[PDB]
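Going down the list, the sequences are from chains B and A. First residue of the first sequence: 1, per PDB author numbering; consecutive thereafter. First residue of the second sequence: 1, per PDB author numbering; consecutive thereafter. A virtual CB, placed ideally from N, CA and C, is assigned to each residue, including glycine.
There are 2 protein chains.
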Amino acid sequence: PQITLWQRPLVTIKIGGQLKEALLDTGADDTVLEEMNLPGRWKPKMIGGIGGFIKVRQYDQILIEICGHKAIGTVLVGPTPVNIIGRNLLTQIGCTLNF
Amino acid sequence: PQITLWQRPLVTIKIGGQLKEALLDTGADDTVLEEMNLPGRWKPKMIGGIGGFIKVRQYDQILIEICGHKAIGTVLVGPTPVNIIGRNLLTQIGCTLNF
C-alpha cells in the first residue's frame, strides 16, 4: 500500500487471536504493544523515549499479522498509549520510506 | 530516495545555518530537534512520548533543508536525544510509507 503521511499511519494488526490498530513507526527500533493477554515465557526489559524510561517485557518467537502480512518477531509489552510497529517488523513486511 | 529500514532512517538537515542529522519518524506528528542556537521568538508547548512529558519551546515558520529538500514549518526544540522529523514536515518533502 502507499501510506501518505497526512494522518497517523494507523493499521490493523492481528496478535493473540486478537484484533488491534497500530501505528506504523520508522522511529521505533522495537515493536511495543500495550498490555494484553499473551502466552509463553516473557522477560524484563526497559525502553524510553521523550520523558522517561519504561519497563516492558520481552517476548520472542511470536507471530503477528500486519495489514494481511504474517511475521514472527520479538514484541514488547507495556503501558504505551498507542501500539507501535518498529523497524524489527517493518523490515519484514517489506516496508520502505519513499520520497 | 527509496529508504529501507535495516538501519535507523537518519538523514541530513540544514537548519539555522547549521548541518545536523535527523531521524525520519512516521510515528511523530511534529519535528523535535536537539537543543541548539535558534534565532526567533518561541512559545513553549509540552510534548508526550513513550518516555513521559518533556518541555519544549516551539518555533513557527522556520526553513528546514531535508536530504536536499526544502520545507518551511514549526520546529520544537528541547531535551531530546535524537533530532526527530515528524509528519508536520514529511507531508512536505512529499514522503510516503511503502510496502
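Where A:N37 falls: helix, strand or coil (DSSP): Locating residue 37 of chain A in the second sequence gives position 37, where the first residue counts as 1. The answer is coil: DSSP assigns A:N37 none of H, G, I, E or B.
Spatial distance of A:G16 from A:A22 (CA atoms): On the second sequence, position 16 is the one that residue 16 of chain A refers to. On the second sequence, position 22 is the one that residue 22 of chain A refers to. Their Cα atoms are separated by approximately 14 Å.
Using the beta-carbon count (16 or more within 10 Å), is B:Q7 buried or exposed? Counted from its first residue, the first sequence places residue 7 of chain B at position 7. Exposed, since its Cβ has fewer than 16 Cβ neighbours within 10 Å.
May I have a chain-ordered list of the beta strand (DSSP E) segments no shorter than 3 residues that lie completely inside the region 27–82 of chain A? DSSP runs (the beta strand (DSSP E)) wholly in the region 27–82 of chain A: 31–34, 46–48, 53–55, 57–66, 69–78.
Any beta-carbon of chain A closer than 9 Å to the one on B:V32? Counting from 1 along the first sequence, the entry for residue 32 of chain B is found at position 32. Answer yes: the Cβ-Cβ gap between B:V32 and chain A drops below 9 Å somewhere.
Please report the residue range of the alpha helix (DSSP H) in which B:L89 lies. As a first step, residue 89 of chain B is located in the first sequence; it is residue number 89 there, counting from the start. Note, B:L89: alpha helix (DSSP H), 87–90.
Using DSSP's beta-bridge definition, name the partner residues of B:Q2. Counting from 1 along the first sequence, the entry for residue 2 of chain B is found at position 2. For B:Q2, DSSP records a beta bridge to A:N98.
Can you tell me which residues form a DSSP beta bridge with A:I93? Here residue 93 of chain A refers to the residue found at position 93 when the second sequence is read from its first residue. In the DSSP output, where bridge partners are listed per residue, A:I93 has none listed.
Could you compute how far the alpha carbon of B:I85 sits from the alpha carbon of B:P9? Within the first sequence, numbered from 1, the residue matching residue 85 of chain B stands at position 85. Within the first sequence, numbered from 1, the residue matching residue 9 of chain B stands at position 9. Whole-angstrom Cα-Cα distance: 10 Å.
Would a C-beta distance cut-off of 9 Å place A:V77 and A:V32 closer than the cut-off? Against the second sequence, residue 77 of chain A aligns to sequence position 77. Against the second sequence, residue 32 of chain A aligns to sequence position 32. Taking 9 Å as the cut-off, the beta carbon of A:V77 is found closer than this to the beta carbon of A:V32.
Any C-beta of chain B under 9 Å from that of A:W6: As a first step, residue 6 of chain A is located in the second sequence; it is residue number 6 there, counting from the start. It does: the Cβ of A:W6 has a partner Cβ on chain B nearer than 9 Å.
Residues in the same chain with beta-carbon distance under 8 Å from B:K45, minus the five sequence neighbours each way, listed in chain order, please. Walking along the first sequence from the start, residue 45 of chain B turns up at place 45. If you ignore the 5 residues before and after B:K45, its C-beta comes within less than 8 Å of the C-beta of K55, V56, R57, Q58, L76, all in its own chain and listed in chain order.
Of all the options B:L89, B:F53, B:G68, which has the alpha carbon lying nearest to the alpha carbon of B:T80? For the purposes of this step, residue 80 of chain B is taken as residue 80 along the first sequence, with counting starting at 1. The closest CA to that of B:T80, considering only B:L89, B:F53, B:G68, is found on B:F53.
Beta-carbon contacts of A:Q92 that lie in its chain and below 6 Å, excluding the five residues immediately before and after: Position 92 of the second sequence, counted from the start, is the residue given in the question as residue 92 of chain A. Result list for A:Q92: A71, in chain order.
Reducing DSSP to helix, strand and coil, say where B:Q18 ends up. Within the first sequence, numbered from 1, the residue matching residue 18 of chain B stands at position 18. For B:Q18, the secondary structure class from DSSP, reduced to helix, strand or coil, is strand.
For my contact list, A:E34 and A:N98 are in at a C-beta cut-off of 8 Å; report their separation, rounded to the angstrom. Here the question's residue 34 of chain A lines up with position 34 in the second sequence. Here the question's residue 98 of chain A lines up with position 98 in the second sequence. Not a contact, Cβ separation roughly 29 Å.
Contacting positions in the region 67–99 of chain B - beta carbon closer than 7 Å to chain A: Across the region 67–99 of chain B, CB contacts with chain A closer than 7 Å involve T80, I84, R87, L90, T91, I93, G94, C95, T96, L97, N98, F99, in sequence order along the chain.
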